[PDB]
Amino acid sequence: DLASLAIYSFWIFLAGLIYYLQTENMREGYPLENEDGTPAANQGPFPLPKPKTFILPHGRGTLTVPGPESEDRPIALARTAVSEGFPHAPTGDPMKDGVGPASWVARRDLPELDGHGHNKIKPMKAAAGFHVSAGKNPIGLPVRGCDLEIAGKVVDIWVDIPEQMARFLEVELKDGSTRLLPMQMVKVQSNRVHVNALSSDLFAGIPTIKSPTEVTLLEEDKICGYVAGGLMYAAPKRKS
């Protein structure tokens, strides 16, 4: 009968859709690897899919996936155990090294462009004519680290222009240089910005950017990695 036929058909359709869904989702990260970076012996039942090509705008590159990949960076990690499945101890300082929770990715060393080919992110002081329009304005507040010491003061907000939201606080350090702080990791209070991830002596260590007026994708990832990284690695200085 037709009802019984429909339900059995649908199940077959469902096995096939999951099949497609699973393969679509293997366009990055595969084939799987041993802890040593070589193709793993057992890959599972799903094959890699046929390649596809994204063409980016403003002639910003084009991408085909899946395809061989490498980290494009060196990884200061070493084995702690004689078999599969254990952790890899940083061979250095994981903060500086870009490993663990402080990991970052070799993304393109250029700024994200908007639909009109302008830098998506800019300092407010250089984006006609953006302004804090509601809420507490952080520009001018002292920045306190998680050791309860002042690390510097907030001199600007870096804004996503097309989206119209605040992405970074630009912070002046006691030597006169600045670093970018993820907005998404600061607590704006009445009389300060409090930053839990970092202790005040880790700020000088934040990654710096090549130009006062734009941030690249790679620059972004390094800054974001380093700051999140402090949650675990600053932790000794907590301690309060």
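Numbers for residues come from their place in the sequence shown, where the first is 1. Think of the rigid core as the biggest set of C-alphas that the two forms share within 1.5 Å after superposition.
Participant: Could you check whether 174 to 182 or 55 to 63 drifts more from the shown form in 9 other deposited structures of this protein, using RMS Cα distance once the core is superposed?
Facilitator: Once the core is superposed, the stretch further away in 9 other deposited structures of this protein is 55 to 63.
Participant: Fitting on the rigid core only, I'd like to know which of the two stretches, 68 to 76 or 91 to 99, ends up farther away in Cα terms in 9 other deposited structures of this protein.
Facilitator: Stretch with the larger root mean square C-alpha distance in 9 other deposited structures of this protein: 68 to 76.
Participant: Quick check: 143 to 151 versus 75 to 83, which has the larger average CA B-factor in the record?
Facilitator: According to the PDB entry, the answer is 143 to 151.
Participant: Pick between 121 to 129 and 96 to 104: the one whose mean CA B-factor in the entry is higher.
Facilitator: So the stretch with the higher mean C-alpha B-factor is 121 to 129.
Participant: Report the third (lowest, middle or highest) to which the CA temperature factor of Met165 belongs, ranking only the modelled residues of the same chain.
Facilitator: Highest third of the chain for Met165's C-alpha B-factor.
Participant: By the recorded C-alpha temperature factor, relative to the other modelled residues in its chain, which third is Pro51 in?
Facilitator: Middle third, going by the recorded CA B-factors of the chain.
Participant: Ordered by C-alpha B-factor within the chain, which third holds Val65? Give me lowest, middle or highest, please.
Facilitator: As the PDB entry reports it, the C-alpha B-factor of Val65 lands in the middle third of its chain.
Participant: Split into thirds by Cα B-factor across the chain's modelled residues, where does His88 land: lowest, middle or highest?
Facilitator: Ranked within chain, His88 CA B lands in the lowest tercile.
Participant: Hey, what third does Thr38 fall into on Cα B-factor, ranked over its chain?
Facilitator: Lowest third - that is where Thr38 ends up once the chain's C-alpha B-factors are sorted.
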